[PDB]
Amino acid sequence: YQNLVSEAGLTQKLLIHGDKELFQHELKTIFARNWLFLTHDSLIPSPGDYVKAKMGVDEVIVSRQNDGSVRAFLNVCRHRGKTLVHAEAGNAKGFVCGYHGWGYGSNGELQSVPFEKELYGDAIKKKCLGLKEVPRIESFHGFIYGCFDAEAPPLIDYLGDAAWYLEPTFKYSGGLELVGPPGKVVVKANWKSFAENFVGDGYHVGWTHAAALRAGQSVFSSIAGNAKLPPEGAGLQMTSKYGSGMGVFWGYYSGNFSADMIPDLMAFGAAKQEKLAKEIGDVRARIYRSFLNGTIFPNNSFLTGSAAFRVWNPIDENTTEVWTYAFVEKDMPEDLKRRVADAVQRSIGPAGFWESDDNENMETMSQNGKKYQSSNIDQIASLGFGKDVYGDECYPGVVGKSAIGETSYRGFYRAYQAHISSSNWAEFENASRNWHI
């Protein structure tokens, strides 16, 4: 698994998007080890509320406890291993297995066992048969992540330099709400193909989505045909130690939305920007109403502005279950919230006219990674190479001066390679000692 990614994350073997054994290895070394997105507070707002989520290929029940905390458990009965919960979301103080009737609390404890007195007696210790719990659960401003590895860094440390860029929208804007349910669809592409596109692909927008830009008149029409850079400037791109990264297109608060969304959204963002400038400063207030496209390593992506939150749930090496949520700022008028939720699906949901364009990019890249000769071709992530900086006075992390750039591809794939070549977090840390140099 060494040398699938070259130094500085400059090149990647195409095979990584199609190799079956590597996929199995990722389940052991990416998905068993890293922080994975579960849900938002606003989807499990009351005691007993739960959602099903995937963590890699496994499924977990994520449950709001009576004390207000959140716990998550593998969705598997401890008796004969039947799946416990079939609803995607709901409210319950417990979960009963339909096979033999074992009853668990929302806290994962085995509470009731039919025929316990008559047939089990002391042949059963219920305290040893609670649901298998996800040992690490943390949040970032309402966004809840889980990790199978008790040794993982705290979520905030894991976000590293990326957190600074997220805070204007995620922290300082007065709270977000994740709008459910998500769109869900299966795409015949590797999870990494989506992750790389969202982490840093400003370059594709003007070309892949040329027709969509013409039709909807998104603010991104400025880069149509990849003919000119945005009049606002080339923007920024950043990456971080644990692999998360993103681009910034200045001022593009309406993102991939069509012209009918632009005036109202722009007015809302400009108004809050003026207030925010006094609290967090001009630059960061501008970030608040800019378009950020990024990936929270490994497989959670987002757009700000055209507010989207995505999970690339792996099924196999050439198959991904794609989840699409919208998010909104809590203090938006309710009508605007509804319009935003629909506009997200309209561009990038299962029937999204932009996302359709992307299918063949993602799917054929992944299918070519399966083919004998083609799998040995390198992908190149050279855009901006040799010009990234670290320790800039204003902008933290490893930063390039263009959102049309591959700074964040390089960081994503560096972290990826460090993980697949490591057996644990300690080894990842050793492999990442000089990440920014």
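Quick note: we count residues from 1 along the sequence shown, nothing fancier.
Stretch comparison (222 to 230 versus 349 to 357) by mean CA B-factor in the PDB entry places 222 to 230 on top.
On average the C-alpha atoms of 263 to 271 have higher B-factors than those of the other stretch, with 317 to 325 and 263 to 271 being the two compared.
When the Cα B-factors of 105, 146, 243, 174 are read from the PDB record, 174 comes out highest. Of the candidates 40, 28, 64, 52, it is 28 whose Cα B-factor is highest according to the PDB record. Placement of the Cα temperature factor of residue 301 within the chain: lowest third of the modelled residues, per the deposited record. The entry lists a Cα temperature factor for residue 88 that places it in the lowest third of the chain's modelled residues. Ranked against the other modelled residues of its chain, the C-alpha B-factor of residue 279 as given in the entry falls in the highest third. Ranked within its chain, residue 295 lands in the lowest third, by CA B factor from the PDB record. Ranked by Cα temperature factor within the chain, residue 408 sits in the middle third according to the deposited record.
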